[PDB]
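# Working through the structure, step by step
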Amino acid sequence: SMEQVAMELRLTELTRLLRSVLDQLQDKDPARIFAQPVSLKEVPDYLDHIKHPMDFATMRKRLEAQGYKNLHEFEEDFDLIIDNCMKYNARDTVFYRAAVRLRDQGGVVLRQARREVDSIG
């Protein structure tokens, strides 16, 4: 149908905007701490601690498959990155501190993303 096509164009455009958001958030992680999944070879107990692991490569795979239907879904995944880190790692670690800085700096980007998503529809 024409309606399915219109819906698909909306999803393609949301995907375009989310890719720009993702790029902006990942620039706030210049140490690349969150770039890839935590390695289960190197952290063999990780899944005993963290039930839903997340990282920027895994988000990028979902995004490129147009797997985020709305901004809320994308934000859920970004919050997992931060929240998983702040639980597994202690306050005094470079990992926790990186997550705090990513959360704080990302908030600005996400604030305007929400306005754009609502604005453009």
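With the PDB entry as reference, the protein is termed Bromodomain-containing protein 1, source organism Homo sapiens.

Along the chain, the position of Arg-101 falls in helix α5 (residues 94-120). On the basis of relative accessible area, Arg-101 is assigned to the exposed category, the value being 57%. Measuring from C-alpha to C-alpha, the distance between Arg-101 and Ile-82 comes to 9.6 Å, with 19 residues separating the pair along the chain.

Turning to the environment of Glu-8, a few remarks are in order. Turning to its location among the elements, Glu-8 is positioned in helix α1 (residues 2-27). Given a relative accessible area of 48%, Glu-8 falls into the partly exposed group. In this structure, the C-alpha to C-alpha distance between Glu-8 and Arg-97, residues 89 residues apart in sequence, is 39 Å.

Thresholds applied
Residues numbered from 1 in each chain as written, not as in the entry; some residues may be left out. Heavy atoms only, no water. Residues with missing side-chain atoms left out of burial classes, pairs and counts. Helix = DSSP H or I, 4+ residues; strand = E, 2+ residues; numbered from the N terminus. Buried < 20%, exposed > 50% of the residue type's maximum accessible area, 1.4 Å probe, protein only.

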